[PDB]
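Worksheet: one structure, shown below.
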2 protein chains.
Amino acid sequence: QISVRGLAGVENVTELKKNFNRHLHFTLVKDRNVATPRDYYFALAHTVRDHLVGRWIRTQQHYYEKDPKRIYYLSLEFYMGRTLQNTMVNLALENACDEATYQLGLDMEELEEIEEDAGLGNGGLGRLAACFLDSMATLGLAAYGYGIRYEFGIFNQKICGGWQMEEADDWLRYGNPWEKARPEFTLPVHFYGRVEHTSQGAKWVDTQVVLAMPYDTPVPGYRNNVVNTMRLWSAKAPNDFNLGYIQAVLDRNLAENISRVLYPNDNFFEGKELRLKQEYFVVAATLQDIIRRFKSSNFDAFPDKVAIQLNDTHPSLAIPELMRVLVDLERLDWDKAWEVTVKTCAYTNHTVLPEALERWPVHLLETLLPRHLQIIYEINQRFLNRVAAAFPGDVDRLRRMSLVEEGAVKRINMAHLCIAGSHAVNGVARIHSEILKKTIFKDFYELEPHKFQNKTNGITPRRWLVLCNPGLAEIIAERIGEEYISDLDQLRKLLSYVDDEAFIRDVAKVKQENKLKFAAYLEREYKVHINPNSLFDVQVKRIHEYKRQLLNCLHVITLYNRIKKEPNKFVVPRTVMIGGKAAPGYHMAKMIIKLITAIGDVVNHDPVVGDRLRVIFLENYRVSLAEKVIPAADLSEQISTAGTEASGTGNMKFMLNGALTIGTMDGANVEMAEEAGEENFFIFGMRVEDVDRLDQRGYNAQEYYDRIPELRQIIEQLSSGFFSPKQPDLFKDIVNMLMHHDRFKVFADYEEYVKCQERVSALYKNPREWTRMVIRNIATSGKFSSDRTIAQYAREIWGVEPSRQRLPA
Amino acid sequence: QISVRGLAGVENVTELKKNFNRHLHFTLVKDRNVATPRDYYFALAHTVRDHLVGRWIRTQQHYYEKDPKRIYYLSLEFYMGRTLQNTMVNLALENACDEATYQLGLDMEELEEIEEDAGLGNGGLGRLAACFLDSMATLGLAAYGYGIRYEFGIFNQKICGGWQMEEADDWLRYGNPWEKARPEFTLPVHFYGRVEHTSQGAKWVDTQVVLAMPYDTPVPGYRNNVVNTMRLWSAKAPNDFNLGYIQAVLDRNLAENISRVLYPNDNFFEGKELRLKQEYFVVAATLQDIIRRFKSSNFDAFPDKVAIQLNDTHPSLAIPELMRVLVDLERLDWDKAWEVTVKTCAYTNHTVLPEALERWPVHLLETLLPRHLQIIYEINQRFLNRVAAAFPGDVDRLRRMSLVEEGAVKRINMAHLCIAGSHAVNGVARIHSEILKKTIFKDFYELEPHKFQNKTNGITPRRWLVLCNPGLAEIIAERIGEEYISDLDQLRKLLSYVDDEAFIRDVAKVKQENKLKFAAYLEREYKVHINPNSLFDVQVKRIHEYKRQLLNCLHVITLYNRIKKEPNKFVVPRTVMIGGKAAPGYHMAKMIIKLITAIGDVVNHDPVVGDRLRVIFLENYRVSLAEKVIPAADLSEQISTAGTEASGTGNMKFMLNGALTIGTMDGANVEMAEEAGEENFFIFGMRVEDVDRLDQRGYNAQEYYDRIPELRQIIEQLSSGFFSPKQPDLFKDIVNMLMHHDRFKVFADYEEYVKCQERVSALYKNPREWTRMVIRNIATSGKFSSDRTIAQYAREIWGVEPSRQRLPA
Ligand SMILES: O=c1cc(-c2ccc(F)cc2)oc2cc(O)cc(O)c12
Ligand SMILES: O=c1cc(-c2ccc(F)cc2)oc2cc(O)cc(O)c12
């Protein structure tokens, strides 16, 4: 059909069809008379998996022969989404499979929809890991993703009576054809026990053993024939475990609970034992595997052969674990073991919000990991000795920098552990990296300025353009070729097309087609009727106070009130779509979801409004829904309070896909506006400096309420029960937070947000100028490719050279 | 190599090799450089599975088209063992695979050893189910095995310090290539709740739902291209289940515990709730599936299209369940629903031992299955009304026959439910069936004499001859052809060879080869050194008081004492091998294992004994060990107290494989001796009538102890600590039971057992006459083919005609 989807050759097609029918018969044990669409999906998945195998075997082979430095990306989260379409894209099989399936009388797009998302992450951090794996494969790095194969990923979200309800995400019920179990590489992980000191060193004894069984998933690079590995551990009980009889067998569950379920908190730390178990489990199994590989190539060369990247502090125990192995098992002296550890490990920080910081109570570590605690204290002592020598007399510095926090309960600051034990610490956007150096890690920065770097986040243009937006991919490719898909900076060439009538027509056409398709998807799957001619105003991301969905709610209510005041006046019609999950125990986040739906109930059913204003809560926001809605968006809402959103990646996805951004100077928004030019971005609100000025004098929300009549009216509607006539006090908690306890200064930005929203509507009245600005955005979106990010990691942290050379087929 | 293993054609072999290499690459994702023997096993398993698929699809297809009466064998146990070799045998692929693997440089026999047993049963009952599936497929019956896919089968048995230790049988760790998950046929099963009565009948409401997900395993018939289905249910939680968050997900375990583990009791009832859950779970899912199939062909024709065979009372709830569906859901009147139920259901009884009888407390049924209880009471009332009309005034009869037993706790007699709700009740050997009519079911028999039948047990000559003893299979086939493998009566033709010098030579040679192979297997796997020239005296079966392993121990100790008395006298050398599992909570059974090993410690280490007497406990007796040891045996020990062993099947396996039997007139032993002639069997001990005479006057063990000096010496050795020098009182419980509380009258049979054992040794001194008697045994073993058994079931219970006609390939 379209060119970027590749060739459908006669041979190729015939072959895919034969293999499809072979899998249906032999793999699925079905004839064409009893097969369901699910069987068909499975037959196709196996057929495509077949094309990976040789490449996967050869790539792993090639790494053994060449022995390059290996990158180990340790994450508790990999937010992969669906694998089928991504695999086809990367193997150039898409058109061939479309053709092959078509000829069997099947719609490939209908089959694609049957695949469960691998929702093994919460949000930005987990998706960053996924984009990274794609880029690392595309850049020919010998890189391995290591995590946990959770039986249950992020919960499926249902709305009932406007409230979020959580359901178990049983993504493995029907089987996963993409993974290969490797039981022969099963490893023991130890817990509990106690430490004996002997003649020749400390001994960790009387432990409980859980086994870690690995599952490997192929990670194909873009058309280079590279297939890297994602290795995820599953917990299994040993067979002597517990071993009246029945109960002992049933108690095997206790041990396997470790890999059972993803904790569904985004930027929130919950200090539960099961969570620490997961953190140690992935670290212990991963490090044994790393060391085993290494010895099949003296520890002096370890950092020349191994890089370990820590995705947040979740795998911070890799630092004490590597020490434990080097010192207790391999019998290296402390100082050498330490040198090796620091040169191997690097730490990526993802947020400055205090409630996200991992601070583990000591009593927990004491019981579960007694040896690791001793090692942590030893690290703390030696670290503080270095600090005291550098800053003699500065006792306050000593307590601020300690890995151990005194207080009610003593805790370990895992972020402090990470900085101490890493040769590099990076934030995830320039402004975030600056804030790390100015504020929370200032002391660490003054001690070791060389450790601190920036690596601005990115997204893969494979999933986030070619895959989800083939029509845009194609019109770009018509003008400038296909090379940009693995070299996104090439999009700058689109700037010479900003005054091309045909290209303007194409850009707008693709946007319109995307909106029609999405509007249809809404009606089919969720019986809702949206005007496709309206401006699509979308905020999709986890529900959070800092992300300020509430600010969007205030704008929505304002438009509503303006319409009612003057019903017979023109306004640019909008569909406001808001979507995301709240963490199950985050009450405020759950109230915001309810507020959103309650506004919809009023707005969507008002006859005077008509199709001028629609408010839709998009249920079950996940990767596969992002792929649908992001291409359909006109306006991206990126409206976190300045200094709170470390980077964001949603922002970049929308820039790439032809939406304009309304946002604060926060996270990568600053770099996006810099790349596109401020005149091509809808910037509003306090800067970082403004927020600090307001904090110095104190944030009084009442001042805003007293001075802005439009705002007062909204707060009164909320309070009086305009939005909740049966429970008039439903939203008392919300009004109250906004008036008395708003950490995120919603009111402070309200006035500038509304004015800036008026400028958006004004530009939308002028399609040509809208589209011209869109082009300026897409054309400058190159920096935000994860290819750029990973090449920066490779060169400035890992000490490896990326490559775009094909392995042989 | 050998003829019964089939042709290895050039095409066949080439083809298997291609498919083997295809699976290694594509299925297992391995090159020949990294593959382990386990990978090789898996590649072969997939390759053989491929040959089943078309046949499986066509057979299921054929049953839909022809719509024959369907047989549903409901068992909580299917003791399948390994599948690979059995599949090859039934598809005639064995030599071809041997050749194909050989050419790849692999030993097929080494690969076969890597397969886990599917140990989804305890002993006789579970193995009977497996043999039946084989026969039903071989006789072209449209038959389905229905059970539970336990995650853990019968525990792996280790001996430590002579004691049994249990380990979890994690048979699914590496995957099962033989099963196909069918998630699309998932069904709800309900538990708990309460009953509302309405205008239109009773309604079971507020239930908890567990899902039943089926896994299908192919059951190939012998060379007829028939492949039937074994469908096993796995328990899965619904996704709204429990749905703070984490705990709700972790609690999904509660529901899935149902299919987690096989209860390891043989002929023992344990009234645990989890066990009742399993019983209902398999019944509820099975019946929905049966009815669904039926409606895709009015309930008047149900029994013309459906037979349900109940393997013991374990699935007795099928009777109230079928009523519940017919009455509550389908709205049939009681009497019609009942007629349908009786005409559909048939009950096989497996034992008369009182501790095996399922008697479920009412409070348990009340809570878990309140509707089923009401239906059971309704059945009871109507049944007792029929009894009162037939036997007016006989109040005692009424209480004896009640389905409900009064007492401490009220209980339901599930066996009574089965007789009431079945058109046929069979025992499992002639003498057992007679005892059912004379004793425990006399009342039921007097009411409905037409219900009571015999169906003498059998074993499949595929697994139990061709597969485990190819060398015997071959020399038989040399004289009489291959037809006997599916028509075992043909073995009678061997009687014309009883005076053939060559055939005598062959029989003895094969026995000798089997003993060499087994003796080697002992050294390799368990570092033990046995004289292959000795008589192999084997007792393999579950450890039980009724099976009288202790009687064997007494004989062993007697030979020991005789040798010591007169060291310099000739005795026929013996290896006594005893093996089997004790139920984990059966203290006595566990003490017997320890006694066995303690005798070995004394006997095997006595220099004066030499290699004249060896005592070996065979660890982890299971199906795949039976396949090795049974062909190697000279003497089969079948020595249960008369009237206790309903049938036995071990007895038949050994008769088929060239061992002579020493046994009591118990179970099928009576029919075996009748088939072979008593002169060709070593019969000893009390008959049934003798046991009854002894019970009438009282069993005084002391009388035996006082009159038999040889016996007194043994009891004194036991007591004084001859066998346990460090714990002198170790065996106090055993001496005590033997002296004061022996239900099984070990002493009563001791004297006759020893004399009869002397006759065995005497015949063994004469190889030619030994072998001639062996031939008379093999030659008359035809009746004990499960083909005979199933043809009897088909004709006299199910109302279907067996067939030996090939389906097209
Ligand atoms: O997931 C959560 C996130 C947040 C949060 C608040 C404010 C920030 F700035 C950042 C995160 O708070 C919580 C409070 C709870 O009691 C339970 C929760 O699950 C959360
Ligand atoms: O598995 C068992 C079998 C028997 C048994 C005894 C005598 C017979 F005649 C038959 C069976 O007794 C038991 C007693 C227990 O306390 C626990 C057990 O697990 C068992």
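For the structure tokens, the naming scheme is as follows: chains receive sequential letters (A, B, ...) according to their order of presentation, residues are indexed from 1 within each chain, and ligands are indexed from 1 in presentation order.
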
I'd like a table as a Markdown table: residues in chain B with an atom no more than 9 Å from chain A, each row giving the shortest atom pair and its distance in Å to one decimal, only C-alpha atoms counted, sorted by chain and rising residue number.
```
| residue | atom | partner | partner_atom | distance |
| --- | --- | --- | --- | --- |
| B:25 | CA | A:53 | CA | 7.3 |
| B:26 | CA | A:50 | CA | 6.2 |
| B:27 | CA | A:50 | CA | 8.7 |
| B:28 | CA | A:180 | CA | 7.8 |
| B:29 | CA | A:53 | CA | 6.4 |
| B:30 | CA | A:57 | CA | 7.1 |
| B:31 | CA | A:57 | CA | 7.5 |
| B:36 | CA | A:184 | CA | 8.9 |
| B:49 | CA | A:26 | CA | 8.6 |
| B:50 | CA | A:26 | CA | 6.2 |
| B:53 | CA | A:26 | CA | 6.4 |
| B:54 | CA | A:25 | CA | 7.7 |
| B:56 | CA | A:29 | CA | 8.4 |
| B:57 | CA | A:30 | CA | 7.1 |
| B:152 | CA | A:249 | CA | 8.1 |
| B:165 | CA | A:243 | CA | 7.9 |
| B:166 | CA | A:243 | CA | 6.7 |
| B:167 | CA | A:240 | CA | 5.6 |
| B:168 | CA | A:239 | CA | 5.3 |
| B:169 | CA | A:239 | CA | 7.6 |
| B:170 | CA | A:239 | CA | 7.3 |
| B:173 | CA | A:183 | CA | 7.6 |
| B:174 | CA | A:183 | CA | 6.4 |
| B:175 | CA | A:181 | CA | 8.9 |
| B:180 | CA | A:28 | CA | 7.8 |
| B:181 | CA | A:174 | CA | 8.2 |
| B:182 | CA | A:174 | CA | 8.5 |
| B:183 | CA | A:174 | CA | 6.4 |
| B:184 | CA | A:174 | CA | 8.7 |
| B:238 | CA | A:168 | CA | 8.8 |
| B:239 | CA | A:168 | CA | 5.3 |
| B:240 | CA | A:167 | CA | 5.6 |
| B:241 | CA | A:167 | CA | 8.1 |
| B:243 | CA | A:167 | CA | 6.3 |
| B:244 | CA | A:585 | CA | 8.0 |
| B:245 | CA | A:584 | CA | 6.7 |
| B:246 | CA | A:261 | CA | 7.2 |
| B:248 | CA | A:168 | CA | 8.9 |
| B:249 | CA | A:168 | CA | 6.7 |
| B:250 | CA | A:257 | CA | 6.8 |
| B:253 | CA | A:253 | CA | 7.2 |
| B:257 | CA | A:250 | CA | 6.8 |
| B:260 | CA | A:250 | CA | 7.2 |
| B:261 | CA | A:246 | CA | 7.2 |
| B:262 | CA | A:246 | CA | 8.6 |
| B:263 | CA | A:246 | CA | 7.5 |
| B:264 | CA | A:246 | CA | 9.0 |
| B:584 | CA | A:245 | CA | 6.7 |
| B:585 | CA | A:244 | CA | 8.0 |
```

Exercise. Using only C-alpha atoms, determine which residues lie at most 7 Å from stretch 530-533 of chain A, disregarding the query and same-chain residues fewer than 4 positions distant; provide the list as a ChimeraX atom specification.
Key: /A:515-516,519,611

Preceding selection exported with N, CA and C atoms as a short mmCIF file (atom, residue, chain, number, x, y, z; two decimals), in the first residue's frame:
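Full text of out-v4.cif as output:
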```cif
data_model
loop_
_atom_site.label_atom_id
_atom_site.label_comp_id
_atom_site.auth_asym_id
_atom_site.auth_seq_id
_atom_site.Cartn_x
_atom_site.Cartn_y
_atom_site.Cartn_z
N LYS A 515 -7.96 11.94 12.73
CA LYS A 515 -9.03 12.35 13.61
C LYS A 515 -10.31 11.56 13.31
N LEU A 516 -10.61 11.38 12.01
CA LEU A 516 -11.73 10.55 11.57
C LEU A 516 -11.59 9.13 12.12
N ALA A 519 -12.10 9.19 16.00
CA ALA A 519 -13.50 9.48 16.27
C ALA A 519 -14.37 8.24 16.07
N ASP A 611 -22.40 20.75 19.89
CA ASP A 611 -21.12 20.08 19.68
C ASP A 611 -19.97 21.09 19.76
#
```

Exercise. Throw together the list of residues within 8 Å of ligand 1, counting only C-alpha atoms and all ligand atoms, and drop it here as a list in words.
Key: residues 264, 265, 266, 267, 268, 269, 270, 353, 354, 355, 356, 544, 545, 546, 582, 583, 584, 585, 586, 587, 588, 589 and 743 of chain A

Can you write just those residues out, N, CA and C atoms, as a short mmCIF file (atom, residue, chain, number, x, y, z; two decimals), in the first residue's frame?
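Generated file (result.cif):
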```cif
data_model
loop_
_atom_site.label_atom_id
_atom_site.label_comp_id
_atom_site.auth_asym_id
_atom_site.auth_seq_id
_atom_site.Cartn_x
_atom_site.Cartn_y
_atom_site.Cartn_z
N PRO A 264 1.81 -0.32 41.13
CA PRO A 264 1.24 0.68 40.22
C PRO A 264 1.38 2.16 40.64
N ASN A 265 2.50 2.51 41.30
CA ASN A 265 2.77 3.88 41.70
C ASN A 265 3.66 4.57 40.68
N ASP A 266 3.26 5.77 40.30
CA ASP A 266 4.06 6.58 39.41
C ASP A 266 4.60 7.74 40.25
N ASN A 267 5.93 7.91 40.30
CA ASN A 267 6.55 8.97 41.10
C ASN A 267 6.00 8.97 42.53
N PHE A 268 5.87 7.78 43.13
CA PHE A 268 5.53 7.65 44.53
C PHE A 268 6.24 6.43 45.12
N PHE A 269 6.92 6.64 46.26
CA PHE A 269 7.60 5.57 46.97
C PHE A 269 6.66 4.98 48.02
N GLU A 270 6.48 3.65 47.99
CA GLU A 270 5.76 2.92 49.02
C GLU A 270 6.75 1.88 49.58
N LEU A 353 10.75 15.11 42.98
CA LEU A 353 9.66 15.15 43.95
C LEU A 353 10.05 14.29 45.15
N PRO A 354 9.96 14.84 46.39
CA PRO A 354 10.37 14.13 47.60
C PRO A 354 9.66 12.81 47.88
N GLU A 355 8.37 12.70 47.51
CA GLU A 355 7.59 11.49 47.78
C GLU A 355 7.96 10.34 46.85
N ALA A 356 8.78 10.60 45.83
CA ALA A 356 9.25 9.55 44.92
C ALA A 356 10.58 8.96 45.40
N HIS A 544 -1.94 13.02 38.29
CA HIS A 544 -1.07 13.55 39.33
C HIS A 544 -1.46 14.98 39.66
N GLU A 545 -1.19 15.38 40.91
CA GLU A 545 -1.30 16.79 41.26
C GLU A 545 -0.29 17.61 40.47
N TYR A 546 0.96 17.13 40.34
CA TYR A 546 2.02 17.95 39.77
C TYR A 546 1.79 18.19 38.27
N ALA A 582 -4.83 6.71 37.81
CA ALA A 582 -4.42 7.04 39.17
C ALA A 582 -3.88 5.79 39.85
N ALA A 583 -2.80 5.94 40.64
CA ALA A 583 -2.37 4.89 41.55
C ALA A 583 -3.55 4.51 42.44
N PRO A 584 -3.82 3.20 42.67
CA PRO A 584 -4.99 2.78 43.44
C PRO A 584 -5.21 3.43 44.80
N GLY A 585 -4.14 3.84 45.50
CA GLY A 585 -4.29 4.42 46.83
C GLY A 585 -4.13 5.94 46.89
N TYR A 586 -4.12 6.60 45.72
CA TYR A 586 -3.91 8.04 45.62
C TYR A 586 -5.28 8.72 45.48
N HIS A 587 -5.84 9.08 46.64
CA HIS A 587 -7.20 9.55 46.79
C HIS A 587 -7.47 10.76 45.90
N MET A 588 -6.56 11.75 45.95
CA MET A 588 -6.72 12.98 45.20
C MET A 588 -6.79 12.67 43.70
N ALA A 589 -5.89 11.81 43.21
CA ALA A 589 -5.84 11.44 41.81
C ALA A 589 -7.16 10.80 41.38
N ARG A 743 0.34 22.41 46.63
CA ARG A 743 1.78 22.43 46.39
C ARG A 743 2.08 22.88 44.96
#
```

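Neighbouring residues of stretch 291-304 of chain A at 7 Å or closer, counting only C-alpha atoms and skipping chain neighbours under 6 positions away, are residues 67, 69, 340, 343 and 344 of chain A.
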
Quiz item: If we count only C-alpha atoms, what is near stretch 391-407 of chain A at a cut-off of 12 Å, once residues fewer than 6 positions away on the same chain are taken out, given as a PyMOL selection string?
Solution: chain A and resi 358-362+373-385+413-421+440-447

Quiz item: If you measure from atom CA of residue B:338 to atom CA of residue B:281, what distance in Å do you get, rounded to one decimal?
Solution: 21.9 Å
